[PDB]
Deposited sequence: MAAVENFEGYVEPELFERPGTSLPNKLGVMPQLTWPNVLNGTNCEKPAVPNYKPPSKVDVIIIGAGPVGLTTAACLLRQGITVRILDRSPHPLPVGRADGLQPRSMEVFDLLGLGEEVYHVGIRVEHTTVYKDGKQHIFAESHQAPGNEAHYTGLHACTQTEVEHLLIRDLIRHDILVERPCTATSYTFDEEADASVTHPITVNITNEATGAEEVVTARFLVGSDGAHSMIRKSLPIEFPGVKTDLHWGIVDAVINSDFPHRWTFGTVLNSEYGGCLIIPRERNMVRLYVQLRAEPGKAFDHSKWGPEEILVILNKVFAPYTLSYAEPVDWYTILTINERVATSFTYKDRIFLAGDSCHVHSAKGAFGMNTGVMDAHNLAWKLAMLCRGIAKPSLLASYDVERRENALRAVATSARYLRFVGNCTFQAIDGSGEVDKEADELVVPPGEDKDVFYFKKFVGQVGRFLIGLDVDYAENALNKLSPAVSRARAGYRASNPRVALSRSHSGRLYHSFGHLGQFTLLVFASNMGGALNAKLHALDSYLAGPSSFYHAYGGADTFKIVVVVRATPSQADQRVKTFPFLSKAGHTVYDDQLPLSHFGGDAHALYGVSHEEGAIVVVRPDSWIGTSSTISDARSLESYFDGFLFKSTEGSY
């Protein structure tokens, strides 16, 4: 006894971008599926969110939505709202770095961001009509990374998939609902919910107050929550300007379309970004003088200056403009990202960078990811103040790093071009940071450097080599990690023979005891044991069975890859583990290395966990 299915109602939203001589593209959308509460038949039926919530989220852009989704995966009750009546129809951010892709894949959303748009794996450089560079680029090593290159997947499409994931968890974005004010009882231990937020529905007029444990401010560049705190938002209004267009553009450019840069020392530079559906996005330098004037800079105006930059190649529109705008470059970074461990900024509320870098969605999503697993452990009370302090530190300084490299985006060998040689050297110094594999967290309570392995480094990306999860399934070591509420204890065990056998038996006895760090901080509620055995699956299952605690609570994985070279790379060599001493690597929930230890030193982790965690016991 259920109603039949009805196909969702298409609406072709018109385009708000300035047109060209062909028009502005409309944008396909489905308001009932995508507009949250602001619709006639909501994708979640009879959605009745509570008045008391663990986390309230102001802002339902890419960063708020990611935060919503990571929390919902940990069982944290959540409400989220956004002032706009519908998600972004087109434009703004347009692609993801390899490391952003890794994040979605760890959340179970890898298929939604992969193979949406095109893939960028090459770069070109031209100067004054003459090709200088065409090369493979944006690469990650296959024996350490699944994803490589940049991936076109726009902000619209990211909002779509994240809204659909919230729906799958029976959560809707409340639109179009503004958070007008909020209170924080800084003074009151007895209280659980010292936050109240007044919400006003700009469609219907109804007000509301929610009480919440924690508040996440992800409301963009002009954040009211940031403005309400003793936080400053310093930066430099460069007053340099980009004209940006997204469209299908016919050209005789030999490399249509390839990521890269077209330099004219005469007329300034152009940046090419290939797009889905035979489109290209073109950034172009914009300078005006006889004060910067927005009035005479339309889509057709910049195509005229574009043809001057690509001489002798010429560009002509083949269809109506998909997107278009002028951007002012202002880079800003909040002095702090936390406040009293109750109000938390993430995304454009914390930092604003030039669009050119493409950091906002990428750095934003990685902010939400860093925040959400720490904030979630705060909701079940095992998080010491240090843990959420590491959020502010780790992501603020990464925001500062993004600011330095965007500034310098802008001594030569004799037979060499001055502006192209500083490009190859730029690509060399920051290339891996531009793809996310070199996001670098300095030492803190969570990142404890250790010489126990020669290569895996605290505060740095965990390496993702190929391993066998079973006899039949040969995938990636990331696939064995725990969920967002657990730390992954990588226990490298060699082939569990030689010297290490005794040490592993010791290790087994330490861990089973109720005073072990595993048991001391919650057992399987906060840890996932992975035993990495460099042996055949039959030799390993045999041997793992002699270790009663390891067999009974560990998940064995088979490190059966060929030795490190251009034909292989096992986890032991790629993490830098000694076959005599073993290792216990602590991978944080977000995939970054936390610390490491030898099998003998497994007791050193009691101190390491005490730095940011309170003791806990499994359920």
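Chemist: Which parts of the deposited chain sequence are absent from the coordinates, listed in sequence order?
Modeler: Those stretches are 1-5, 194, 297-298, 419-442, 652-653, listed in order.
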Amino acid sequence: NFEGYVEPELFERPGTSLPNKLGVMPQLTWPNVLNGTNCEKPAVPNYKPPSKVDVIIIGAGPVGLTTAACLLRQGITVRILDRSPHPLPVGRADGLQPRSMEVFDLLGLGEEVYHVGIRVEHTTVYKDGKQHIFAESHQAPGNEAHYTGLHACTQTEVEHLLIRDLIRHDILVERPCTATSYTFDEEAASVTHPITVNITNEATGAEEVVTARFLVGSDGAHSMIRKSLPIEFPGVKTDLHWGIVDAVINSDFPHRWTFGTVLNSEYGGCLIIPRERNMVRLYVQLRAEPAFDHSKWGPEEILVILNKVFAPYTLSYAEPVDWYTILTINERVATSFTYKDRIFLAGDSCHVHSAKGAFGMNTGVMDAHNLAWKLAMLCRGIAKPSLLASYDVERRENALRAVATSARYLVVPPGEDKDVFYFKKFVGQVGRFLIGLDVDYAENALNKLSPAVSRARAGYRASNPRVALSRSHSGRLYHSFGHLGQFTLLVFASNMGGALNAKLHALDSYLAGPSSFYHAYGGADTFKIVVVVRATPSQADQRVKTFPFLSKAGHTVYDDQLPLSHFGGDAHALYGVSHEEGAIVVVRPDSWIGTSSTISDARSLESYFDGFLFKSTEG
From here on, numbers count along this sequence of modelled residues.
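Chemist: Which has the higher mean CA temperature factor in the PDB entry, 585-593 or 22-30?
Modeler: Mean CA B-factor is higher for 22-30.
Chemist: Which has higher Cα B-factors on average according to the PDB entry: 478-486 or 305-313?
Modeler: Result of the comparison: 305-313.
Chemist: Between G91, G108, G498, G459, where does the Cα B-factor run highest in the record?
Modeler: Out of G91, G108, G498, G459, the record gives the largest C-alpha B-factor to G498.
Chemist: For the C-alpha B-factor as written in the entry, point me to the maximum among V439, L72, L161, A188.
Modeler: It is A188.
Chemist: Select lowest, middle or highest to describe the third in which the CA B-factor of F259 falls within its chain in this entry.
Modeler: Lowest third, going by the recorded CA B-factors of the chain.
Chemist: For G381, does the deposited CA B-factor place it in the lowest, middle or highest third of the chain?
Modeler: Middle third, going by the recorded CA B-factors of the chain.
Chemist: When the deposited Cα B-factors of this chain's modelled residues are ordered and cut into thirds, is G220 in the lowest, the middle or the highest one?
Modeler: According to the entry, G220 has a C-alpha B-factor in the chain's middle third.
Chemist: Could you look up the Cα B-factor of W373 in the entry and say which third of the chain it sits in: lowest, middle or highest?
Modeler: For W373, the deposited C-alpha B-factor lands in the lowest third.
Chemist: For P141, does the deposited CA B-factor place it in the lowest, middle or highest third of the chain?
Modeler: Within its chain, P141 is a lowest-third residue by C-alpha B-factor, going by the deposited values.
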